[PDB]
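A quick write-up on the structure given underneath.
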Amino acid sequence: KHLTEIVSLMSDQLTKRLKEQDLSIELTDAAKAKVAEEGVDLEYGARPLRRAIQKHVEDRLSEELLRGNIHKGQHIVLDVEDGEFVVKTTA
Amino acid sequence: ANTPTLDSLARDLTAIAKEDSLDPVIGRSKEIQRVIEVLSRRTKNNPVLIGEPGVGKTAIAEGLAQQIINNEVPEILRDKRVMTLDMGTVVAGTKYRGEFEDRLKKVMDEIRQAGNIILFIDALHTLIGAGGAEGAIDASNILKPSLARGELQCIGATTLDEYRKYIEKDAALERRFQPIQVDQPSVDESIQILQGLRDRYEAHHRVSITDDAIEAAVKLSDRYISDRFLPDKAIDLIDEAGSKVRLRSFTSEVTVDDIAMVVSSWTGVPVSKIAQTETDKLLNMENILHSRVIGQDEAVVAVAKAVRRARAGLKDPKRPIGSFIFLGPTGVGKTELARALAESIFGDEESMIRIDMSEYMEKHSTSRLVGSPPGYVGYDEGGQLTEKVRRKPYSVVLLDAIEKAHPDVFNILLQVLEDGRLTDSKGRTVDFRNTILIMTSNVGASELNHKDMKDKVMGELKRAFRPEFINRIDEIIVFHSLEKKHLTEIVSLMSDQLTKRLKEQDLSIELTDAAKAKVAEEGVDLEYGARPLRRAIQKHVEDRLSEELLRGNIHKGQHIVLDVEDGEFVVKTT
Amino acid sequence: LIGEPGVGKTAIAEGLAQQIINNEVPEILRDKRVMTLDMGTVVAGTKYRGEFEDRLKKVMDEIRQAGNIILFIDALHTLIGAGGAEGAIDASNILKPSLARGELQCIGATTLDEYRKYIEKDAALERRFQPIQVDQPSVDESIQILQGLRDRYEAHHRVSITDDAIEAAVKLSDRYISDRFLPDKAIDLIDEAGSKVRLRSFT
Amino acid sequence: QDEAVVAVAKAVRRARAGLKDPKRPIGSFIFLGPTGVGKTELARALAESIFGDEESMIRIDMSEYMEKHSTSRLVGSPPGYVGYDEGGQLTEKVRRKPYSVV
Amino acid sequence: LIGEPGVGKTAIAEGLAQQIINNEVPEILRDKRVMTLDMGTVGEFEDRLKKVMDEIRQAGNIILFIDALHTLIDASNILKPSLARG
Amino acid sequence: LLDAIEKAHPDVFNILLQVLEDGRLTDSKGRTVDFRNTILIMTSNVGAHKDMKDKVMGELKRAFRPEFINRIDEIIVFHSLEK
Ligand SMILES: Nc1ncnc2c1ncn2[C@@H]1O[C@H](COP(=O)(O)OP(=O)(O)O)[C@@H](O)[C@H]1O
Ligand SMILES: Nc1ncnc2c1ncn2[C@@H]1O[C@H](COP(=O)(O)OP(=O)(O)O)[C@@H](O)[C@H]1O
Ligand SMILES: Nc1ncnc2c1ncn2[C@@H]1O[C@H](COP(=O)(O)OP(=O)(O)O)[C@@H](O)[C@H]1O
Ligand SMILES: Nc1ncnc2c1ncn2[C@@H]1O[C@H](COP(=O)(O)OP(=O)(O)O)[C@@H](O)[C@H]1O
């Protein structure tokens, strides 16, 4: 439970920092549950989770940015529409 | 009640401030107000401006002189003359018993018969040295009795480390002076600084300055110059451009190209690297790579994608740009890729800070990396890697044979991969922000279709060292099978280099691809790395030059072609 | 007056002169002139062979002949090595016999560190000098000091200082200003606050 | 970690109210627990909530002080030994900024 | 000008005076007399040197030259100050 | 002539390596000293015929880096000492 909570918190912090570049971004809660789904408490916590949010969210946005799809001022969400990361880009 | 000597040997900021000859002072409002606040006290009015050389301490003194005449002071400083003085100009002679103390007694006697002098001493860390070192009548031992009773009023201007070193004379010197820390202005602050006085250098040089010009001046002085601060660097570039444009006008507008030109002439990077690649170096960095590097194209495109991802990205600036580990055999191109990217990232690289971790074999060997404790052997400089990066904190670190580290160093490595900026020195925190940390890995050759090698090497990393460690590292760049045709290709490249060198010496050699193939087969074995090929071509060329110059069979200026037509190297000069 | 720097050695000597004028001193000490013999103002204009020790000879002869004169020396540790040259008969040696015989009536003020550095180990002149150490006033003595001194700082900043503020300045300075000493550091707080308040009143 | 957070907050408000013991430090804590639970992120959280840059946090990494003679790096080396003049990697750091989080 | 002895550093100042006589020099530096200093021919040397400084103040077109600048800055007593004033 | 180079250390070794690369050493003032017509001859005992012809390279590539070997002009080896 605290793990999904900290997913929410890390996403909030990430959007906070991305506001430095005037980018408007959102994370669906489904993406948050999927992201936490990789992190497990069996061995240790919150390290794999932070690296996972970083990797998936940020790298995927960079991919859909250098592919030119989005510029600043646009609205973006990373959603899980089919059971896996995908970009809806509400713009 | 006038001052002959003090006016003779110390410039009067107030006088030349009346004539508006003083350049403007922009910003620094909080600092100047604090200076006035300290000057308003009754017993120790003396403030000591502590900063770095070139930050604007004397600028704060000038601004104070300005505000004095411009009815800005709170009437307790109304009509008070600020006089810059330097002890070096005072001493001027030591071979005689009491000349210097006499000059300074005269100066004190003028400060008495006046109330409006507040003597601004630059670099007063040299106020304790004069005469006898620390046991005779130096400058301080005769200033202090006057300084503590408000007899004398002062404005010192030191440097931070000089304050720390020469306030160990605490007892009087510290309490006599209140520090005012002045820090070097930021980018934007400095841009506004320049925009303050562009109409001074414009009027001096009759040249027109643009706003993007000074923006580039500031950006450049930051990126490509170190060991110098602001607004010094900025105004200096601007004035150099003004002078150079004025000259070019004889045998009327400075623009960014001129700023690039002066920074290039200063540091030594060519102008094409500075200006045109400012945001397109990542655009053609893959071109640069695949030029410098031949083979492993999948690895190089992976690296390019990663570095442009981190580059045109939102990644936390704090932590280092790129953490890549190259899995592969040795001689497959590990260093060449590094030097190439660095030459493309930090143009004209000469920057790969190579460290062989196989030399740092054991546990205590890590003290060689960071440095010894204070009370131990070899402590003064030490810090191989730490001092290396402290020198130029803008480069690409390559760490050879990451495997051979005792587990004691992996801790330091992961600390670095944890936001960099590690404090692993004798009290020095080194910053790894624009750098790129790259690690030469273990063999990893046995596993080297694509996915198969991939899962294999991942398991080999699991077994080899921590999974968390690679969870820190960004990318796994795999150096695939050894060269087969890239063999002949790199022979061709090296031989192109050597043919250029031989041509500038008034000769011309053209070795056909058959001889290239023979050199390829000889030089490097299938098991062995591709490094001895350098030696192989060196030996063949030195043999041919030795024989042909010794024998005299060939004549200079006649093109030289080598072939394997007889099964051996045959030289057909004509 | 061996003691730490911000303690008030010079202040003690001045208190002695003030007592001389106020007549509080004993009859034997009544009507004497405290002089502040600086070495910087002594060794100044010589640059020759026989001028520094000449000035000092004349000074000593005046003192001996003049009936009533006390000589206060800031930074006593400068007597040693003063007239440093080829001649190298420094002030410390010209005064030594006269100091011991008792005619030249000195009052030295030094700093404990300067005492141990080069008047204690390097002189063998801590014979002609009685080391009456001076050290930090107590937390309460500092309050009495500063409150007795409050009028001058009022005058200079042209404000009024509430006595609770003086108490608070001393008590705070004691807790965390560790590097300095009283009453110097307490007075520093009062003085900077006076400057800040006057400057606020201005704007 | 409501327990840890409230403990820290109580400490800092004892300090900032006029009640803390003027002799000994603001507060001392030992943060036990598994790897990755956030017991280092609380330190940054605290320095940020109490200061600005959050780099005022004076941090020592006891993974390097294992050789038991490095203790002469916290306090300087003795007098007649190398590195006597610049002594106190920890001591001077704290002497500069006395209101800080070690 | 930094260089080893005999490399022709003063030759550069000489060729500079040459290009000054010609038109290669721009206008701001036009009308500039380059001189030197004879420490021998100049109690009273300070008087003469201060007089020299008066004449420097008179016409601001006298680019002076100094060989062995370190051992010169004596004269520093009024040169280094006069440098600051300009 | 450098004798007992084996007694050197990887730092002075890297120093002399970049020298052998260009001769340009810069010590105590950044003095760009030139190595125009100097000779660099290093002397040591890694040996201590053909089997020796192999062991020499063995202990060279085994005692220090191969790049320093690769800055070869020529390698002079004499094994027999009595005749
Ligand atoms: N706010 C400012 N106003 C005026 N000049 C400035 C300002 N900031 C930087 N400078 C320039 O920086 C240069 C060096 O500053 P200065 O204080 O003389 O360095 P230092 O601190 O070593 O004396 C001066 O030429 C000054 O004109
Ligand atoms: N992909 C490549 N493109 C061009 N040259 C290469 C490539 N791979 C290897 N080389 C050659 O290999 C040599 C580098 O050897 P080195 O980097 O010392 O090997 P290692 O990295 O194993 O120590 C260079 O001369 C370089 O020309
Ligand atoms: N409750 C939490 N709130 C915020 N960040 C947390 C939390 N728990 C863990 N983290 C994150 O996990 C890491 C903290 O683990 P840490 O205490 O450093 O573990 P250890 O020191 O045992 O390796 C940081 O990356 C931090 O941001
Ligand atoms: N570039 C040059 N062209 C012509 N003559 C030169 C040049 N460089 C040096 N010289 C000669 O060097 C001689 C004097 O050198 P000088 O400048 O006095 O050495 P230094 O710089 O050590 O004082 C002169 O005769 C001058 O002609």
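Here's how to read the names in the structure tokens: chain A, B, ... by the order shown, residue numbers from 1 in each chain, ligand numbers from 1 in the order shown.
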Excluding same-chain residues fewer than 4 positions from segment 62-64 of chain E, what lies within 10 Å of it counting only C-alpha atoms, as a VMD selection string? chain E and resid 17 29 31 to 37 55 to 58
Using only C-alpha atoms and all ligand atoms, what are the residues with an atom within 7 Å of ligand 3, set out as a PDB file with N, CA and C atoms, in the first residue's frame?
```
ATOM      1  N   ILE A   6       3.919   5.635  -2.650  1.00  0.00           N
ATOM      2  CA  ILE A   6       5.159   6.279  -3.038  1.00  0.00           C
ATOM      3  C   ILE A   6       5.305   6.329  -4.548  1.00  0.00           C
ATOM      4  N   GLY A  45      12.918  -2.500  -1.239  1.00  0.00           N
ATOM      5  CA  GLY A  45      11.900  -1.618  -1.748  1.00  0.00           C
ATOM      6  C   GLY A  45      12.462  -0.268  -2.142  1.00  0.00           C
ATOM      7  N   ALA A  46      11.725   0.382  -3.035  1.00  0.00           N
ATOM      8  CA  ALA A  46      11.845   1.795  -3.350  1.00  0.00           C
ATOM      9  C   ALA A  46      13.115   2.136  -4.112  1.00  0.00           C
ATOM     10  N   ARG A  47      14.037   1.205  -4.229  1.00  0.00           N
ATOM     11  CA  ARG A  47      15.095   1.453  -5.195  1.00  0.00           C
ATOM     12  C   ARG A  47      14.589   1.038  -6.568  1.00  0.00           C
ATOM     13  N   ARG A  50      11.944   3.580  -7.986  1.00  0.00           N
ATOM     14  CA  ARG A  50      12.366   4.877  -8.499  1.00  0.00           C
ATOM     15  C   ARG A  50      13.045   4.725  -9.850  1.00  0.00           C
TER      16      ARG A  50
ATOM     17  N   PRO D  34      15.763  -2.042   7.226  1.00  0.00           N
ATOM     18  CA  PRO D  34      16.220  -2.716   6.009  1.00  0.00           C
ATOM     19  C   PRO D  34      16.703  -1.728   4.961  1.00  0.00           C
ATOM     20  N   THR D  35      17.317  -2.280   3.924  1.00  0.00           N
ATOM     21  CA  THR D  35      17.883  -1.469   2.858  1.00  0.00           C
ATOM     22  C   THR D  35      16.782  -0.955   1.946  1.00  0.00           C
ATOM     23  N   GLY D  36      16.718   0.356   1.772  1.00  0.00           N
ATOM     24  CA  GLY D  36      15.796   0.955   0.833  1.00  0.00           C
ATOM     25  C   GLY D  36      14.495   1.443   1.420  1.00  0.00           C
ATOM     26  N   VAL D  37      14.405   1.562   2.737  1.00  0.00           N
ATOM     27  CA  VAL D  37      13.154   1.936   3.370  1.00  0.00           C
ATOM     28  C   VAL D  37      12.963   3.447   3.430  1.00  0.00           C
ATOM     29  N   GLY D  38      14.017   4.226   3.229  1.00  0.00           N
ATOM     30  CA  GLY D  38      13.860   5.662   3.149  1.00  0.00           C
ATOM     31  C   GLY D  38      14.512   6.390   4.298  1.00  0.00           C
ATOM     32  N   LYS D  39      15.260   5.651   5.111  1.00  0.00           N
ATOM     33  CA  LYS D  39      15.889   6.227   6.288  1.00  0.00           C
ATOM     34  C   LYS D  39      16.997   7.212   5.949  1.00  0.00           C
ATOM     35  N   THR D  40      17.408   7.305   4.690  1.00  0.00           N
ATOM     36  CA  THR D  40      18.264   8.397   4.254  1.00  0.00           C
ATOM     37  C   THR D  40      17.467   9.553   3.671  1.00  0.00           C
ATOM     38  N   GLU D  41      16.309   9.272   3.074  1.00  0.00           N
ATOM     39  CA  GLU D  41      15.475  10.327   2.519  1.00  0.00           C
ATOM     40  C   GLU D  41      14.848  11.189   3.599  1.00  0.00           C
TER      41      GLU D  41
END
```
Using only C-alpha atoms and all ligand atoms, find each protein or nucleic acid residue lying at most 10 Å from ligand 2; present the set as a PDB file with N, CA and C atoms, in the first residue's frame.
```
ATOM      1  N   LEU B 289      30.955   9.730 -34.909  1.00  0.00           N
ATOM      2  CA  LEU B 289      31.321   8.413 -34.407  1.00  0.00           C
ATOM      3  C   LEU B 289      31.634   7.464 -35.551  1.00  0.00           C
ATOM      4  N   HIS B 290      30.646   7.211 -36.407  1.00  0.00           N
ATOM      5  CA  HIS B 290      30.851   6.254 -37.476  1.00  0.00           C
ATOM      6  C   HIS B 290      31.947   6.682 -38.433  1.00  0.00           C
ATOM      7  N   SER B 291      32.372   7.939 -38.389  1.00  0.00           N
ATOM      8  CA  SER B 291      33.616   8.289 -39.055  1.00  0.00           C
ATOM      9  C   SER B 291      34.806   7.773 -38.259  1.00  0.00           C
ATOM     10  N   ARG B 292      34.939   8.227 -37.016  1.00  0.00           N
ATOM     11  CA  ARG B 292      36.083   7.831 -36.203  1.00  0.00           C
ATOM     12  C   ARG B 292      36.066   6.333 -35.907  1.00  0.00           C
ATOM     13  N   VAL B 293      34.888   5.750 -35.742  1.00  0.00           N
ATOM     14  CA  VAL B 293      34.765   4.356 -35.338  1.00  0.00           C
ATOM     15  C   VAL B 293      34.277   3.553 -36.526  1.00  0.00           C
ATOM     16  N   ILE B 294      34.865   2.378 -36.732  1.00  0.00           N
ATOM     17  CA  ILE B 294      34.450   1.473 -37.794  1.00  0.00           C
ATOM     18  C   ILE B 294      34.168   0.107 -37.193  1.00  0.00           C
ATOM     19  N   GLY B 295      32.959  -0.385 -37.408  1.00  0.00           N
ATOM     20  CA  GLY B 295      32.519  -1.620 -36.793  1.00  0.00           C
ATOM     21  C   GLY B 295      31.630  -1.372 -35.596  1.00  0.00           C
ATOM     22  N   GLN B 296      31.137  -2.472 -35.031  1.00  0.00           N
ATOM     23  CA  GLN B 296      30.278  -2.445 -33.848  1.00  0.00           C
ATOM     24  C   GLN B 296      29.132  -1.453 -33.999  1.00  0.00           C
ATOM     25  N   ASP B 297      28.665  -1.254 -35.233  1.00  0.00           N
ATOM     26  CA  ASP B 297      27.681  -0.215 -35.515  1.00  0.00           C
ATOM     27  C   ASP B 297      26.471  -0.303 -34.597  1.00  0.00           C
ATOM     28  N   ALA B 299      26.498  -1.219 -31.483  1.00  0.00           N
ATOM     29  CA  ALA B 299      26.914  -0.610 -30.228  1.00  0.00           C
ATOM     30  C   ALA B 299      26.945   0.906 -30.345  1.00  0.00           C
ATOM     31  N   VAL B 300      27.427   1.417 -31.475  1.00  0.00           N
ATOM     32  CA  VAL B 300      27.590   2.855 -31.588  1.00  0.00           C
ATOM     33  C   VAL B 300      26.237   3.533 -31.732  1.00  0.00           C
ATOM     34  N   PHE B 326      30.965  -1.089 -21.277  1.00  0.00           N
ATOM     35  CA  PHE B 326      31.172  -1.839 -22.502  1.00  0.00           C
ATOM     36  C   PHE B 326      31.570  -3.266 -22.175  1.00  0.00           C
ATOM     37  N   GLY B 328      32.781  -6.667 -23.708  1.00  0.00           N
ATOM     38  CA  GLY B 328      33.389  -7.223 -24.889  1.00  0.00           C
ATOM     39  C   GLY B 328      34.836  -7.595 -24.677  1.00  0.00           C
ATOM     40  N   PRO B 329      35.465  -8.133 -25.714  1.00  0.00           N
ATOM     41  CA  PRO B 329      36.909  -8.374 -25.653  1.00  0.00           C
ATOM     42  C   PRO B 329      37.681  -7.070 -25.672  1.00  0.00           C
ATOM     43  N   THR B 330      38.999  -7.158 -25.565  1.00  0.00           N
ATOM     44  CA  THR B 330      39.844  -5.976 -25.590  1.00  0.00           C
ATOM     45  C   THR B 330      40.416  -5.778 -26.984  1.00  0.00           C
ATOM     46  N   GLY B 331      40.509  -4.522 -27.400  1.00  0.00           N
ATOM     47  CA  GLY B 331      40.903  -4.197 -28.751  1.00  0.00           C
ATOM     48  C   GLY B 331      39.748  -4.091 -29.712  1.00  0.00           C
ATOM     49  N   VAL B 332      38.522  -4.258 -29.230  1.00  0.00           N
ATOM     50  CA  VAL B 332      37.354  -4.208 -30.092  1.00  0.00           C
ATOM     51  C   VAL B 332      36.941  -2.772 -30.383  1.00  0.00           C
ATOM     52  N   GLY B 333      37.488  -1.798 -29.656  1.00  0.00           N
ATOM     53  CA  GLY B 333      37.221  -0.401 -29.930  1.00  0.00           C
ATOM     54  C   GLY B 333      36.858   0.426 -28.720  1.00  0.00           C
ATOM     55  N   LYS B 334      37.109  -0.119 -27.531  1.00  0.00           N
ATOM     56  CA  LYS B 334      36.642   0.512 -26.302  1.00  0.00           C
ATOM     57  C   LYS B 334      37.111   1.958 -26.209  1.00  0.00           C
ATOM     58  N   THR B 335      38.406   2.179 -26.385  1.00  0.00           N
ATOM     59  CA  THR B 335      38.929   3.531 -26.263  1.00  0.00           C
ATOM     60  C   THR B 335      38.532   4.393 -27.452  1.00  0.00           C
ATOM     61  N   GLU B 336      38.540   3.822 -28.661  1.00  0.00           N
ATOM     62  CA  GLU B 336      38.229   4.607 -29.850  1.00  0.00           C
ATOM     63  C   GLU B 336      36.830   5.188 -29.776  1.00  0.00           C
ATOM     64  N   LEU B 337      35.853   4.381 -29.374  1.00  0.00           N
ATOM     65  CA  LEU B 337      34.506   4.906 -29.209  1.00  0.00           C
ATOM     66  C   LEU B 337      34.488   6.028 -28.187  1.00  0.00           C
ATOM     67  N   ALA B 338      35.219   5.847 -27.089  1.00  0.00           N
ATOM     68  CA  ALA B 338      35.267   6.864 -26.051  1.00  0.00           C
ATOM     69  C   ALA B 338      35.825   8.169 -26.592  1.00  0.00           C
ATOM     70  N   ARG B 339      37.017   8.114 -27.180  1.00  0.00           N
ATOM     71  CA  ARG B 339      37.631   9.329 -27.690  1.00  0.00           C
ATOM     72  C   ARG B 339      36.761   9.967 -28.756  1.00  0.00           C
ATOM     73  N   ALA B 340      36.098   9.152 -29.569  1.00  0.00           N
ATOM     74  CA  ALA B 340      35.276   9.695 -30.642  1.00  0.00           C
ATOM     75  C   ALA B 340      34.090  10.462 -30.081  1.00  0.00           C
ATOM     76  N   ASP B 400      39.188   1.531 -16.572  1.00  0.00           N
ATOM     77  CA  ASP B 400      39.544   0.280 -17.222  1.00  0.00           C
ATOM     78  C   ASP B 400      39.406  -0.891 -16.266  1.00  0.00           C
ATOM     79  N   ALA B 401      38.954  -2.020 -16.806  1.00  0.00           N
ATOM     80  CA  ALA B 401      38.868  -3.282 -16.079  1.00  0.00           C
ATOM     81  C   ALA B 401      38.152  -3.088 -14.749  1.00  0.00           C
ATOM     82  N   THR B 440      35.311   0.056 -18.691  1.00  0.00           N
ATOM     83  CA  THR B 440      35.775  -1.147 -19.357  1.00  0.00           C
ATOM     84  C   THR B 440      35.498  -2.349 -18.467  1.00  0.00           C
ATOM     85  N   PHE B 479      30.355  -5.260 -27.050  1.00  0.00           N
ATOM     86  CA  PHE B 479      31.341  -5.241 -28.122  1.00  0.00           C
ATOM     87  C   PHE B 479      31.359  -6.615 -28.773  1.00  0.00           C
ATOM     88  N   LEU B 482      34.897 -10.142 -32.987  1.00  0.00           N
ATOM     89  CA  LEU B 482      36.033  -9.410 -33.515  1.00  0.00           C
ATOM     90  C   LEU B 482      35.826  -9.078 -34.990  1.00  0.00           C
ATOM     91  N   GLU B 483      36.652  -8.168 -35.478  1.00  0.00           N
ATOM     92  CA  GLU B 483      36.532  -7.695 -36.846  1.00  0.00           C
ATOM     93  C   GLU B 483      36.958  -8.775 -37.830  1.00  0.00           C
ATOM     94  N   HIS B 486      36.253  -5.415 -41.049  1.00  0.00           N
ATOM     95  CA  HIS B 486      36.686  -4.226 -40.335  1.00  0.00           C
ATOM     96  C   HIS B 486      38.168  -4.282 -40.037  1.00  0.00           C
ATOM     97  N   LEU B 487      38.751  -5.477 -40.019  1.00  0.00           N
ATOM     98  CA  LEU B 487      40.198  -5.595 -39.941  1.00  0.00           C
ATOM     99  C   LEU B 487      40.852  -4.774 -41.038  1.00  0.00           C
ATOM    100  N   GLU B 489      39.518  -2.697 -42.895  1.00  0.00           N
ATOM    101  CA  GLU B 489      39.049  -1.316 -42.898  1.00  0.00           C
ATOM    102  C   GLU B 489      39.874  -0.440 -41.958  1.00  0.00           C
ATOM    103  N   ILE B 490      40.170  -0.931 -40.756  1.00  0.00           N
ATOM    104  CA  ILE B 490      40.976  -0.136 -39.836  1.00  0.00           C
ATOM    105  C   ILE B 490      42.429  -0.104 -40.290  1.00  0.00           C
ATOM    106  N   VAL B 491      42.897  -1.159 -40.961  1.00  0.00           N
ATOM    107  CA  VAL B 491      44.193  -1.052 -41.621  1.00  0.00           C
ATOM    108  C   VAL B 491      44.172   0.107 -42.598  1.00  0.00           C
ATOM    109  N   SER B 492      43.102   0.209 -43.384  1.00  0.00           N
ATOM    110  CA  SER B 492      43.004   1.277 -44.366  1.00  0.00           C
ATOM    111  C   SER B 492      43.026   2.632 -43.689  1.00  0.00           C
ATOM    112  N   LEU B 493      42.332   2.757 -42.565  1.00  0.00           N
ATOM    113  CA  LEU B 493      42.276   4.048 -41.890  1.00  0.00           C
ATOM    114  C   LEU B 493      43.645   4.448 -41.352  1.00  0.00           C
ATOM    115  N   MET B 494      44.283   3.552 -40.602  1.00  0.00           N
ATOM    116  CA  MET B 494      45.613   3.854 -40.093  1.00  0.00           C
ATOM    117  C   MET B 494      46.567   4.173 -41.226  1.00  0.00           C
ATOM    118  N   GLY B 529      43.664  -9.515 -29.424  1.00  0.00           N
ATOM    119  CA  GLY B 529      43.046  -8.250 -29.752  1.00  0.00           C
ATOM    120  C   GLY B 529      43.689  -7.601 -30.958  1.00  0.00           C
ATOM    121  N   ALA B 530      43.037  -6.561 -31.454  1.00  0.00           N
ATOM    122  CA  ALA B 530      43.453  -5.903 -32.679  1.00  0.00           C
ATOM    123  C   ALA B 530      44.533  -4.857 -32.462  1.00  0.00           C
ATOM    124  N   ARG B 531      45.141  -4.813 -31.287  1.00  0.00           N
ATOM    125  CA  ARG B 531      46.113  -3.768 -30.993  1.00  0.00           C
ATOM    126  C   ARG B 531      47.464  -3.976 -31.684  1.00  0.00           C
ATOM    127  N   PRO B 532      47.999  -5.199 -31.817  1.00  0.00           N
ATOM    128  CA  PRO B 532      49.350  -5.322 -32.384  1.00  0.00           C
ATOM    129  C   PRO B 532      49.428  -4.872 -33.819  1.00  0.00           C
ATOM    130  N   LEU B 533      48.281  -4.696 -34.475  1.00  0.00           N
ATOM    131  CA  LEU B 533      48.268  -4.234 -35.854  1.00  0.00           C
ATOM    132  C   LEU B 533      49.001  -2.911 -35.997  1.00  0.00           C
ATOM    133  N   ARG B 534      48.819  -2.008 -35.035  1.00  0.00           N
ATOM    134  CA  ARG B 534      49.606  -0.785 -35.002  1.00  0.00           C
ATOM    135  C   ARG B 534      51.087  -1.101 -35.151  1.00  0.00           C
ATOM    136  N   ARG B 535      51.592  -1.967 -34.276  1.00  0.00           N
ATOM    137  CA  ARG B 535      52.986  -2.379 -34.345  1.00  0.00           C
ATOM    138  C   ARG B 535      53.318  -3.015 -35.685  1.00  0.00           C
TER     139      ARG B 535
ATOM    140  N   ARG F  65      52.359  -2.058 -19.407  1.00  0.00           N
ATOM    141  CA  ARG F  65      51.381  -2.008 -20.480  1.00  0.00           C
ATOM    142  C   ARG F  65      52.029  -2.241 -21.840  1.00  0.00           C
ATOM    143  N   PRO F  66      51.271  -2.791 -22.793  1.00  0.00           N
ATOM    144  CA  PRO F  66      51.834  -3.046 -24.124  1.00  0.00           C
ATOM    145  C   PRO F  66      51.985  -1.803 -24.976  1.00  0.00           C
ATOM    146  N   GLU F  67      51.262  -0.726 -24.670  1.00  0.00           N
ATOM    147  CA  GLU F  67      51.399   0.487 -25.464  1.00  0.00           C
ATOM    148  C   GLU F  67      52.804   1.054 -25.353  1.00  0.00           C
TER     149      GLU F  67
END
```
For ligand 1, list the contacting residues at 8 Å or closer, counting only C-alpha atoms and all ligand atoms, as a ChimeraX atom specification. /B:23-28,51-60,62-63,122,157,185,190,193,196-197,230-233,235
Around ligand 4, which protein and nucleic acid residues have at least one atom no more than 10 Å from it, if we count only C-alpha atoms and all ligand atoms? List them as a PyMOL selection string. chain E and resi 1-15+67-68
Report, in Å with one decimal, the straight-line distance from atom CA of residue 3 of chain C to atom CA of residue 134 of chain C. 5.0 Å
10 Å contact set for residue 29 of chain A, only C-alpha atoms, chain neighbours under 5 positions out, as a list in words: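 The contact residues come out as residues 4, 7, 8, 34, 35, 78, 79 and 80 of chain A.
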Per residue of chain D within 10 Å of chain C, what are the shortest atom pair and its distance in Å to one decimal, counting only C-alpha atoms, with rows by chain and residue number, as a Markdown table?
```
| residue | atom | partner | partner_atom | distance |
| --- | --- | --- | --- | --- |
| D:22 | CA | C:175 | CA | 7.8 |
| D:23 | CA | C:175 | CA | 9.2 |
| D:95 | CA | C:179 | CA | 9.7 |
| D:98 | CA | C:176 | CA | 8.9 |
```
Those residues with N, CA, C and O atoms, as a tab-separated table (two decimals), in the first residue's frame please?
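What landed in result-v2.tsv:
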```tsv
chain	number	residue	atom	x	y	z
D	22	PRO	N	20.50	23.56	26.75
D	22	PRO	CA	21.56	24.33	26.11
D	22	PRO	C	22.92	23.67	26.14
D	22	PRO	O	23.87	24.23	25.58
D	23	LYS	N	23.06	22.50	26.76
D	23	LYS	CA	24.38	21.90	26.84
D	23	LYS	C	24.66	20.96	25.67
D	23	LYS	O	25.71	21.06	25.03
D	95	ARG	N	32.30	23.48	12.18
D	95	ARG	CA	32.63	24.77	12.77
D	95	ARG	C	32.09	25.90	11.92
D	95	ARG	O	31.66	26.93	12.45
D	98	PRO	N	27.19	26.04	12.19
D	98	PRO	CA	26.84	25.29	13.40
D	98	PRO	C	25.39	24.89	13.48
D	98	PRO	O	25.05	24.14	14.40
```
Residues near residue 181 of chain B, anyone? I mean within 9 Å using only C-alpha atoms, not counting same-chain ones fewer than 6 positions away, as number ranges by chain. B: 31, 48-51, 160
For chain D against chain B, which residues fall within 8 Å using only C-alpha atoms, given as a PyMOL selection string? chain D and resi 63+70+72-73+76-78+81-84+87+89
Near-segment 70-82 of chain F list (12 Å; only C-alpha atoms; drop same-chain fewer than 6 positions) as JSON, numbers by chain: {"B": [531, 532, 533, 534, 535, 536, 537, 538, 539, 542, 543], "F": [16, 17, 18, 19, 20, 21, 22, 23, 39, 40, 41, 42, 43, 44, 45, 46, 47, 48, 49, 50, 51, 52, 53, 54, 55, 56, 57, 60, 61, 64]}
What are the nearest atom pairs, with distances in Å to one decimal, for all residues of chain E that come at most 9 Å from chain B, using only C-alpha atoms, set out by chain and rising residue number as CSV?
```
residue,atom,partner,partner_atom,distance
E:24,CA,B:251,CA,7.4
E:25,CA,B:250,CA,8.3
E:26,CA,B:250,CA,6.2
E:27,CA,B:250,CA,8.6
E:28,CA,B:205,CA,8.8
E:73,CA,B:92,CA,8.3
E:74,CA,B:92,CA,6.6
E:75,CA,B:92,CA,8.7
E:76,CA,B:92,CA,6.9
E:77,CA,B:89,CA,6.0
E:78,CA,B:9,CA,6.8
E:80,CA,B:89,CA,6.6
E:81,CA,B:9,CA,5.5
E:82,CA,B:9,CA,8.3
E:84,CA,B:11,CA,6.8
E:85,CA,B:11,CA,6.0
```
